[PDB]
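Peer 1: Below is the structure I would like to discuss, written out as structure tokens.
Cβ placement follows ideal geometry from the backbone for every residue including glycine, while neighbour counts extend to all protein chains displayed. Throughout, read-outs are computed from the coordinates displayed, never taken from laboratory work.
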Amino acid sequence: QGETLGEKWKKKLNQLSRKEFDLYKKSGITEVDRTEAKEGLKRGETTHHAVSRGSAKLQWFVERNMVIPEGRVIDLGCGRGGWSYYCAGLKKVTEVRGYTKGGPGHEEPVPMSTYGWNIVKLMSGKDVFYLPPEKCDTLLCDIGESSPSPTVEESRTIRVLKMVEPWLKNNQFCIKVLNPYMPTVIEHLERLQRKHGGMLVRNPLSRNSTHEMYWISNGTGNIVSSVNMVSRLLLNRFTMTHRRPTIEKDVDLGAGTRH
Amino acid sequence: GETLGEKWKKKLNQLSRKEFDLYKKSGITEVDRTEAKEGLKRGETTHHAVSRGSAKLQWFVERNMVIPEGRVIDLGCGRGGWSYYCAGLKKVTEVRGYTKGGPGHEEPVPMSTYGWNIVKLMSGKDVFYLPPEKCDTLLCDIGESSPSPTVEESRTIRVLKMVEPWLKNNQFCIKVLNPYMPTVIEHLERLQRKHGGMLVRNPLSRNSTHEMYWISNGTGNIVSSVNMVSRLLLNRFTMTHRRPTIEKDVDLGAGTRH
RNA sequence: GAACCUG
Ligand SMILES: Nc1ncnc2c1ncn2[C@@H]1O[C@H](CSCC[C@H](N)C(=O)O)[C@@H](O)[C@H]1O
Ligand SMILES: Nc1ncnc2c1ncn2[C@@H]1O[C@H](CSCC[C@H](N)C(=O)O)[C@@H](O)[C@H]1O
């Protein structure tokens, strides 16, 4: 008994057909236009274009002062490099180290020459769960793989919260919490908020198919209710007549080097 | 963190032969074979089901979970249990069975039960290399157990990958050997999204297998239905031993068809 | 689950 609203959403999500699923996952969200950037990357251009939808996702938090990237940025699970290359352009940032898993069927870092590329080092073939924590001014983390099983998701997100903990001391952070509605995840987030502060936030660019929320450093409030609000919002988008995504323009990351 | 099915496997593996022999049949339903086994040794080719498989398929058919029609293709047919059962069904027009064969592997058995003349079983056929054809119903019972769940996992995924291109607008009943492992759950989800259907537990399955069948005529959350089986099998560890419920075997009759 | 041991 005692089934949470996120769990109720997950069951309805899974029991969706493929036509239904592709309608739902984008219904009423905001989305960045990528057609311009996608064609530039195939052409082989290394300037102006964001590497992925990730840049625009991070920017949303940064525009709202929820994260304030400074000095030494460490980016756990950097993938292609969207978050890293974004941070490189910001005035307060001095260096960026990105780490990613890589390997077959997983995303590999892309060499770029967008504004601030020369303070960026992305290394692949690194399992972040075995990377000794280092002193850094801002910690970014986007790790956490979806499962149709919320209890599988639960233990994956707890594992992230366990490895992410010893990286946080006196720093700005933005950490993906894959599944925040499961009871045991809520207990750890509570204990974590008590010790390092911050808030959980929904990103509008996140699809309806994920219950993704981000643990942000600059903010405060009730994580339990903010989680429940996401649940109701997503549940309501099942019955709500399909809406087209709100299309915004992509990030322009410019060109050139930095000091 | 570990899944409920994974917990079940670790317990299963840590049992004495005496416990394992008690557990594997505790509280299951079972078909009586003494009648049929003797007739087959005697050399009879009518009435008798070739294996316990005929009664296993019937359980789904009785419940409208699979509805075998027209051209039935049966991957990993073995002795012929599923093929010969279907042959006697009203809507079926032709049956094609394919199996591995060779030493130590089950060879097809020639029978003259009702509808035998619309059945063709070919042995010496590795199904992973059989080009997919158009058919009205697809049956698949391939999948070998292993004490290692990660080994079962990859075996189960390889089956799911080969079976997929056979599915279009047809009835199906596919054995899913290990449905509790995380990456199998991801695949089954993507498949149900495409081809619909649901995962079901057959009561004639032993407690030593987490076996489930992906069937065409159904719907539901596979995560919760897999988990119910895990709790069911976990409960049967502590429950006091129960005798198997014995049922009568299938009578498959005799004669030919149009 | 066996180069090999126990289960
Ligand atoms: N244990 C681990 N260690 C390092 N990387 C991991 C990991 N587990 C998953 N990952 C990687 O985490 C990456 C997170 S997705 C990356 C997005 C990215 N923020 C962007 O803008 O483009 C995935 O590509 C996955 O490859
Ligand atoms: N890759 C493969 N290709 C073809 N047959 C295979 C196979 N792997 C296993 N088999 C055969 O698949 C069969 C599955 S058990 C067969 C039971 C059958 N449904 C019955 O009612 O009697 C086994 O005979 C195995 O020999």
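Peer 1: Run through the DSSP bridge list for the protein assembly as shown and note the antiparallel percent, rounded to the nearest 5. List each step's numbers first, then the result.
Peer 2: Numbers: 14 of 56 bridges.
Percentage antiparallel, nearest 5: 25.
Peer 1: Can you give me the C-alpha center-to-center distance between segment B:43-112 and segment A:156-222, rounded to a whole angstrom?
Peer 2: 54
Peer 1: Provide the per-residue ³J(HN,Hα) series for segment B:131-142, in order, calculated from phi with Karplus coefficients 6.51, -1.76, 1.60 and θ = phi - 60°, each as a whole number of Hz, with x at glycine and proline positions.
Peer 2: 3J(HN,Hα) across segment B:131-142, in whole Hz: x, x, 10, 6, 8, 8, 8, 10, 10, 9, 10, 6.
Peer 1: To continue, here is another question. Along Cα→Cβ, 7 Å out, is where each label goes; now give me the distance between the ones at B:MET228 and B:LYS100 in nm to one decimal.
Peer 2: 3.2
Peer 1: Return one number: the angle in degrees, 0 to 90 and rounded to the nearest 10, between the long axis of the Cα atoms of helix B:222-238 and the longest principal axis of the Cα atoms of chain B.
Peer 2: Once rounded, one gets 70 degrees.
Peer 1: Further, regarding this structure: If you place +1 on the Cβ of every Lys and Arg, -1 on the Cβ of every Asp and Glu, and leave all else neutral, what size is the dipole of segment B:133-258 about its Cα centre, to the nearest 20 Debye? Display every interim value, and only then the final one.
Peer 2: Values: 17 positive and 13 negative charges, 45 e Å.
In debye, rounded to 20, segment B:133-258 gives about 220.
Peer 1: Taking the dipole about the Cα centre of chain B, with the C-beta of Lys and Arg at +1 and of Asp and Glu at -1, give me whichever of B:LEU15, B:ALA254, B:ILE174 is farthest to the positive side.
Peer 2: Projecting each Cα onto the dipole axis, the largest value belongs to B:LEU15.
Peer 1: Please give the calculated 222 nm ellipticity per residue for chain B, where each DSSP H segment of at least 4 residues contributes -39500 (n - 2.57) and the sum is spread over every residue; nearest 500 deg cm²/dmol?
Peer 2: Working: 8 runs with 88 residues, N = 258.
Estimated from H runs of four or more residues: -10500 deg cm²/dmol.
Peer 1: If you add up the charges near A:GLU187, with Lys and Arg at +1 and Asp and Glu at -1, over every other residue whose beta carbon is less than 12 angstrom from its beta carbon, what do you get?
Peer 2: Summing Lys/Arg as +1 and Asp/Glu as -1 gives 0.
Peer 1: Under 5 Å between amide hydrogens, which residues at least 5 positions from A:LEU122 or on another chain qualify, with H placed 1.01 Å from N in the peptide plane?
Peer 2: A:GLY98
Peer 1: Sorted from largest down, what three extents in whole angstroms do the Cα atoms of segment A:84-205 have along their principal axes?
Peer 2: Principal extents (Cα only, largest first): 43, 36, 33 Å.
Peer 1: Let me ask you something else. Given labels modelled 7 Å from the Cα in the Cβ direction, how far is it in nm from B:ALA254 to A:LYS11?
Peer 2: For the pair B:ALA254/A:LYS11, the computed spacing is 5.3 nm.
Peer 1: Greater than 29 Å separation of Cα atoms is the criterion. Which listed pairs, A:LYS8/A:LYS249; B:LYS37/B:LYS125; A:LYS57/B:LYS7; A:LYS11/B:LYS134; A:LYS162/B:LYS161; A:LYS8/A:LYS176, meet it?
Peer 2: Long pairs (Cα-Cα over 29 Å): A:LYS8/A:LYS249; A:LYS57/B:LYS7; A:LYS11/B:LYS134; A:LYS162/B:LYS161.
Peer 1: PRE reach from B:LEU130 (point 7 Å along Cα→Cβ): which of segment B:79-105 fall under 20 Å by backbone N?
Peer 2: B:79-89, B:92-105
Peer 1: In addition: Report, in degrees rounded to the nearest 10, the 0 to 90 angle that the Cα long axis of helix A:5-14 makes with the longest principal axis of chain A.
Peer 2: 80
Peer 1: List the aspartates and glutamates whose alpha-carbon lies under 16 Å from that of A:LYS25, not counting same-chain residues fewer than 8 positions away?
Peer 2: A:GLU212, B:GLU189
Peer 1: Rounded to the nearest 0.05, what FRET efficiency do B:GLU62 and A:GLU165 have when you use their Cβ-Cβ distance and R0 = 45 Å?
Peer 2: On the way: r = 54 Å, r/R0 = 1.21.
That gives a FRET efficiency of 0.25.
Peer 1: State, to one decimal in nm, how far the label point of A:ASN118 lies from the label point of A:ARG243, with both points 7 Å from Cα in the Cβ direction.
Peer 2: About 4.6 nm separates the two model spin labels.
Peer 1: So, with +1 on the Cβ of K and R and -1 on the Cβ of D and E, and no other charges, what is the size of the charge dipole of the protein assembly as shown about its Cα centre, to the nearest 20 debye?
Peer 2: About 480 debye.
Peer 1: Please give the helix B:182-195 orientation as an angle from the longest Cα principal axis of chain B, in degrees from 0 to 90, rounded to the nearest 10.
Peer 2: With both axes taken from Cα atoms, the answer is about 40 degrees.
Peer 1: Run the dipole for chain B about the Cα centre, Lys and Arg Cβ at +1, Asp and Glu Cβ at -1, nothing else charged, and hand back the magnitude in debye, nearest 20.
Peer 2: Dipole magnitude for chain B comes out near 340 debye.
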